[PDB]
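**Q** Handing you this structure, nothing more for now.
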Amino acid sequence: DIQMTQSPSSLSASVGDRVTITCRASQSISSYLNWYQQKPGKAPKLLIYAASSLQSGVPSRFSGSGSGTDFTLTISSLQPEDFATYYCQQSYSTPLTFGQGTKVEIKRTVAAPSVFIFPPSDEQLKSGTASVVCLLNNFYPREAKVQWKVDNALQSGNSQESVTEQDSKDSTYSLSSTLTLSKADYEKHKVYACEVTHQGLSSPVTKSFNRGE
Amino acid sequence: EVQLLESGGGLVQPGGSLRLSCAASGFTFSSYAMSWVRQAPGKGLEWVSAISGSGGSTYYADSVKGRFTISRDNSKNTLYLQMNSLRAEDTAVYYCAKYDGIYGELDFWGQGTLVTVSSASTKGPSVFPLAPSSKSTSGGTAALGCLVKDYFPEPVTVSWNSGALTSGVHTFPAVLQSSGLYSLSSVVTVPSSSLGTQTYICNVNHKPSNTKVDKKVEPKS
């Protein structure tokens, strides 16, 4: 079994930049190598077959290069929609191994999140639990810090985060933080804050509500 | 169009068994080789199995050899993966994919089907509204959504107004709670002026448990 290595494993570049992804087979594999692009929540898509030839309908800005043990996918000028993870596959000698993949994300200008908070629903409160959601919308870069406060007390351990993948049009991210505590504990306190740290924000921003309004 | 449609994936037991079918159309199946490729969640692509056009030869990945069996019924246009002795490491979206030339290149892929190897119970989700309000408004835009809490297994699809609302939508990836159940949120940002004029209804479908919730989301002040 031939071990395909891709490098880099992740990468950040701007629109119009030149991107170079390297796939290395640990024994000669002629020109039997293939390039696939995987956008999120969608199926892989063949880009470069035969290590250099282009699948029909595939933008000419994608190019393949190499034979033997070293291969390259090159995107000449990056674009918003090129956000994906890129996989090489040797089709030469079975088992048919895949590279571990290269995550390509688009660099863009700083955007600060729009922060929103949602108290738990009356409906859920009945059921016994209280989920408070904080939403950070459409920000770059991905790195962001969400702190929950309950009456100015820093929370730890009672929350979960989820990040959307990068938006293929405007290259931004959205995040949702969900604080989950029991109706018992939820009703012991008044001020529910969500404090958000981001690069695009001059200082941390807090969104809060008083239980009862 | 050239096409591949997976079916039959879903929740299954450890040491259990499951069969995967792939409804091919748009070209003549008899003509080329065929493949199954799996992707464990948040991980890379792994080739499972390949089979020639007649049925001639079948090849398998090591880790599945002796447990998995690939087969094609050209007469009804379908590809199979018989999965036996399912382990946790077999949990993955399994992709149906058509080969091309002597390249061994796969030139068309289906949209996959989730296989989950778990003893845990099926459980439909509860859909709570995420009401818009002034704490949910910032300059003519108002955010709102639905909380799709405590469900198993993946996935849930969420639409808005049957499909009429697609813009500004952000259906988040699911997160596995400590309770062993998944939870997700879908939110949407709309104009604030439409809040008492336009209805907003999230449409949640959790097929593995057969659940179909439509929740109306109404303003808070």
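Going by the structure tokens order, chains are called A, B, ..., each with residues numbered from 1, while ligands are numbered from 1 in the order shown.
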Pull out every residue of chain B sitting within 6 Å of chain A, counting only C-alpha atoms, and send them as number ranges by chain.

**A** B: 44, 61, 103-104, 107, 111, 136, 172

**Q** Leaving out residue 139 in chain B and any residue of its chain fewer than 6 positions from it, which residues lie within 12 Å of it when counting only C-alpha atoms, given as a count of residues only?

**A** 6

**Q** Based on DSSP run over this structure's backbone, return all residues of chain A in strand (DSSP E or B), as a PyMOL selection string.

**A** chain A and resi 5-7+10-14+19-24+33-38+45-49+53-54+62-67+70-75+84-90+98+102-107+111+114-118+129-140+145-150+153-154+159-163+173-182+191-197+205-210

**Q** Excluding same-chain residues fewer than 4 positions from residue 170 in chain B, what lies within 7 Å of it counting only C-alpha atoms, as a ChimeraX atom specification?

**A** /B:186-188

**Q** Identify which of the residues A:15, A:21, A:54, A:2 lies closest to residue 69 in chain A, counting only C-alpha atoms when measuring atom-to-atom distances.

**A**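 Closest to residue 69 in chain A of all the choices is A:2.
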
**Q** Using DSSP secondary structure from the backbone, list all helix (DSSP H, G or I) positions within range 33-200 of chain A, as an MDAnalysis selection string.

**A** chainID A and resid 80:82 122:127 183:186

**Q** Deliver the residues from the most recent selection as a file, using N, CA, C and O atoms, as a compact mmCIF listing (two decimals), in the first residue's frame.

**A**
# COMPACT_ATOMS: atom_id res chain seq x y z
N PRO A 80 -13.40 32.94 -4.35
CA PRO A 80 -14.32 32.57 -3.29
C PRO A 80 -14.78 31.11 -3.32
O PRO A 80 -14.65 30.41 -2.31
N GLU A 81 -15.30 30.66 -4.46
CA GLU A 81 -15.90 29.31 -4.57
C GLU A 81 -14.88 28.17 -4.52
O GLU A 81 -15.27 27.02 -4.33
N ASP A 82 -13.60 28.48 -4.68
CA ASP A 82 -12.55 27.48 -4.58
C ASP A 82 -12.33 26.98 -3.16
O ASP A 82 -11.49 26.11 -2.93
N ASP A 122 -40.31 29.46 25.93
CA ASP A 122 -41.34 29.01 26.86
C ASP A 122 -41.59 27.51 26.72
O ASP A 122 -41.72 26.78 27.72
N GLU A 123 -41.66 27.04 25.47
CA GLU A 123 -41.91 25.64 25.18
C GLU A 123 -40.86 24.71 25.82
O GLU A 123 -41.22 23.72 26.46
N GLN A 124 -39.58 25.04 25.64
CA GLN A 124 -38.51 24.26 26.24
C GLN A 124 -38.50 24.34 27.76
O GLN A 124 -38.35 23.32 28.43
N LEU A 125 -38.66 25.54 28.30
CA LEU A 125 -38.71 25.77 29.74
C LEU A 125 -39.65 24.83 30.47
O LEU A 125 -39.34 24.37 31.57
N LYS A 126 -40.80 24.54 29.85
CA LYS A 126 -41.73 23.50 30.31
C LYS A 126 -41.03 22.14 30.46
O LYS A 126 -41.12 21.51 31.52
N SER A 127 -40.35 21.71 29.40
CA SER A 127 -39.71 20.40 29.34
C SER A 127 -38.66 20.15 30.42
O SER A 127 -38.31 19.00 30.67
N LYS A 183 -33.65 24.17 34.10
CA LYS A 183 -34.68 25.13 34.54
C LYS A 183 -34.50 25.57 36.01
O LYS A 183 -34.65 26.75 36.34
N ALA A 184 -34.18 24.61 36.87
CA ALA A 184 -33.81 24.90 38.26
C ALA A 184 -32.70 25.95 38.33
O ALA A 184 -32.90 27.02 38.92
N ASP A 185 -31.55 25.66 37.72
CA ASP A 185 -30.42 26.59 37.75
C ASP A 185 -30.74 27.85 36.94
O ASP A 185 -30.38 28.97 37.33
N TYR A 186 -31.43 27.67 35.81
CA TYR A 186 -31.75 28.80 34.94
C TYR A 186 -32.54 29.85 35.69
O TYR A 186 -32.32 31.06 35.50

**Q** Which distance in Å separates CA of residue 93 in chain B and CA of residue 112 in chain B, to one decimal?

**A** 5.6 Å

**Q** Just to confirm, what's the straight-line distance from CA of residue 12 in chain B to CA of residue 57 in chain B in Å (one decimal)?

**A**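 We find that CA of residue 12 in chain B and CA of residue 57 in chain B lie 28.4 Å from each other.
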
**Q** At what distance in Å, to one decimal, does CA of residue 7 in chain B lie from CA of residue 166 in chain A?

**A** 28.8 Å

**Q** Write out as a count of residues only which residues come within 8 Å of residue 134 in chain B when counting only C-alpha atoms, dropping same-chain ones fewer than 6 positions away.

**A** 3

**Q** Considering only C-alpha atoms, state which residue in the set B:127, B:195, B:47, B:176 is at the smallest distance from residue 143 in chain B.

**A**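 Answer, going by the shortest atom-to-atom distance: B:195.
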
**Q** Counting only C-alpha atoms, figure out which residue out of A:4, A:23, A:112, A:144 gets nearest to residue 64 in chain A.

**A** A:23

**Q** If we count only C-alpha atoms and set the cut-off at 6 Å, which residues sit around range 26-37 of chain B, ignoring sequence neighbours fewer than 5 positions away in its own chain? Please answer as a VMD selection string.

**A** chain B and resid 1 to 3 46 to 53 74 94 to 99

**Q** If you keep N, CA and C atoms, can you produce a file of those selected residues as a PDB file, in the first residue's frame?

**A**
ATOM      1  N   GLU B   1     -29.367  13.693 -16.911  1.00  0.00           N
ATOM      2  CA  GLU B   1     -27.913  13.844 -16.610  1.00  0.00           C
ATOM      3  C   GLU B   1     -27.304  12.503 -16.212  1.00  0.00           C
ATOM      4  N   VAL B   2     -25.972  12.410 -16.263  1.00  0.00           N
ATOM      5  CA  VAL B   2     -25.238  11.292 -15.649  1.00  0.00           C
ATOM      6  C   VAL B   2     -25.531  11.355 -14.153  1.00  0.00           C
ATOM      7  N   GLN B   3     -25.847  10.215 -13.539  1.00  0.00           N
ATOM      8  CA  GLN B   3     -26.392  10.218 -12.171  1.00  0.00           C
ATOM      9  C   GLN B   3     -26.095   8.957 -11.336  1.00  0.00           C
ATOM     10  N   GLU B  46     -11.720   7.462   2.027  1.00  0.00           N
ATOM     11  CA  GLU B  46     -11.174   6.113   2.018  1.00  0.00           C
ATOM     12  C   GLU B  46     -11.935   5.230   1.033  1.00  0.00           C
ATOM     13  N   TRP B  47     -11.183   4.650   0.103  1.00  0.00           N
ATOM     14  CA  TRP B  47     -11.737   3.752  -0.900  1.00  0.00           C
ATOM     15  C   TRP B  47     -12.075   2.422  -0.233  1.00  0.00           C
ATOM     16  N   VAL B  48     -13.305   1.963  -0.440  1.00  0.00           N
ATOM     17  CA  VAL B  48     -13.802   0.728   0.158  1.00  0.00           C
ATOM     18  C   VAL B  48     -13.665  -0.419  -0.829  1.00  0.00           C
ATOM     19  N   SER B  49     -14.311  -0.250  -1.980  1.00  0.00           N
ATOM     20  CA  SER B  49     -14.455  -1.332  -2.929  1.00  0.00           C
ATOM     21  C   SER B  49     -14.615  -0.846  -4.368  1.00  0.00           C
ATOM     22  N   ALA B  50     -14.181  -1.689  -5.305  1.00  0.00           N
ATOM     23  CA  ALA B  50     -14.393  -1.460  -6.737  1.00  0.00           C
ATOM     24  C   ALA B  50     -14.762  -2.753  -7.447  1.00  0.00           C
ATOM     25  N   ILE B  51     -15.551  -2.615  -8.508  1.00  0.00           N
ATOM     26  CA  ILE B  51     -16.095  -3.744  -9.255  1.00  0.00           C
ATOM     27  C   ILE B  51     -16.158  -3.431 -10.761  1.00  0.00           C
ATOM     28  N   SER B  52     -15.750  -4.387 -11.604  1.00  0.00           N
ATOM     29  CA  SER B  52     -15.785  -4.205 -13.068  1.00  0.00           C
ATOM     30  C   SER B  52     -17.217  -4.145 -13.623  1.00  0.00           C
ATOM     31  N   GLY B  53     -17.341  -3.918 -14.927  1.00  0.00           N
ATOM     32  CA  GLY B  53     -18.644  -3.634 -15.544  1.00  0.00           C
ATOM     33  C   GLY B  53     -19.550  -4.840 -15.716  1.00  0.00           C
ATOM     34  N   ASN B  74     -26.718  -5.072 -13.404  1.00  0.00           N
ATOM     35  CA  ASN B  74     -26.854  -4.327 -14.657  1.00  0.00           C
ATOM     36  C   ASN B  74     -28.282  -4.261 -15.217  1.00  0.00           C
ATOM     37  N   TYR B  94     -21.114   6.850   2.771  1.00  0.00           N
ATOM     38  CA  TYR B  94     -20.622   5.953   1.716  1.00  0.00           C
ATOM     39  C   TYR B  94     -21.060   6.449   0.350  1.00  0.00           C
ATOM     40  N   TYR B  95     -20.073   6.734  -0.498  1.00  0.00           N
ATOM     41  CA  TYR B  95     -20.281   7.347  -1.800  1.00  0.00           C
ATOM     42  C   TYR B  95     -20.236   6.337  -2.919  1.00  0.00           C
ATOM     43  N   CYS B  96     -21.274   6.372  -3.748  1.00  0.00           N
ATOM     44  CA  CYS B  96     -21.320   5.647  -5.013  1.00  0.00           C
ATOM     45  C   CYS B  96     -20.599   6.483  -6.079  1.00  0.00           C
ATOM     46  N   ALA B  97     -19.667   5.869  -6.806  1.00  0.00           N
ATOM     47  CA  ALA B  97     -18.861   6.602  -7.786  1.00  0.00           C
ATOM     48  C   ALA B  97     -18.480   5.782  -9.030  1.00  0.00           C
ATOM     49  N   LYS B  98     -18.615   6.411 -10.206  1.00  0.00           N
ATOM     50  CA  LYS B  98     -18.328   5.791 -11.514  1.00  0.00           C
ATOM     51  C   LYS B  98     -16.921   6.089 -12.015  1.00  0.00           C
ATOM     52  N   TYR B  99     -16.236   5.052 -12.491  1.00  0.00           N
ATOM     53  CA  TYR B  99     -14.894   5.178 -13.060  1.00  0.00           C
ATOM     54  C   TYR B  99     -14.986   5.710 -14.494  1.00  0.00           C
TER      55      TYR B  99
END

**Q** Which residues are near residue 15 in chain B? Cut-off 8 Å, only C-alpha atoms, ignore same chain within fewer than 5 positions. Put them as a PDB file with N, CA, C and O atoms, in the first residue's frame.

**A**
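What landed in selection.pdb:
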ATOM      1  N   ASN B  84     -21.346  -6.474   6.359  1.00  0.00           N
ATOM      2  CA  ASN B  84     -21.522  -7.412   7.467  1.00  0.00           C
ATOM      3  C   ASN B  84     -20.535  -7.103   8.586  1.00  0.00           C
ATOM      4  O   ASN B  84     -19.484  -6.520   8.335  1.00  0.00           O
ATOM      5  N   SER B  85     -20.881  -7.498   9.810  1.00  0.00           N
ATOM      6  CA  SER B  85     -19.990  -7.399  10.962  1.00  0.00           C
ATOM      7  C   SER B  85     -19.607  -5.945  11.168  1.00  0.00           C
ATOM      8  O   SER B  85     -18.432  -5.607  11.375  1.00  0.00           O
ATOM      9  N   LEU B  86     -20.601  -5.075  11.113  1.00  0.00           N
ATOM     10  CA  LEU B  86     -20.327  -3.650  11.212  1.00  0.00           C
ATOM     11  C   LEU B  86     -19.694  -3.237  12.543  1.00  0.00           C
ATOM     12  O   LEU B  86     -20.187  -3.598  13.618  1.00  0.00           O
ATOM     13  N   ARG B  87     -18.600  -2.481  12.456  1.00  0.00           N
ATOM     14  CA  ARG B  87     -17.923  -1.954  13.636  1.00  0.00           C
ATOM     15  C   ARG B  87     -18.162  -0.452  13.719  1.00  0.00           C
ATOM     16  O   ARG B  87     -18.682   0.151  12.774  1.00  0.00           O
TER      17      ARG B  87
END
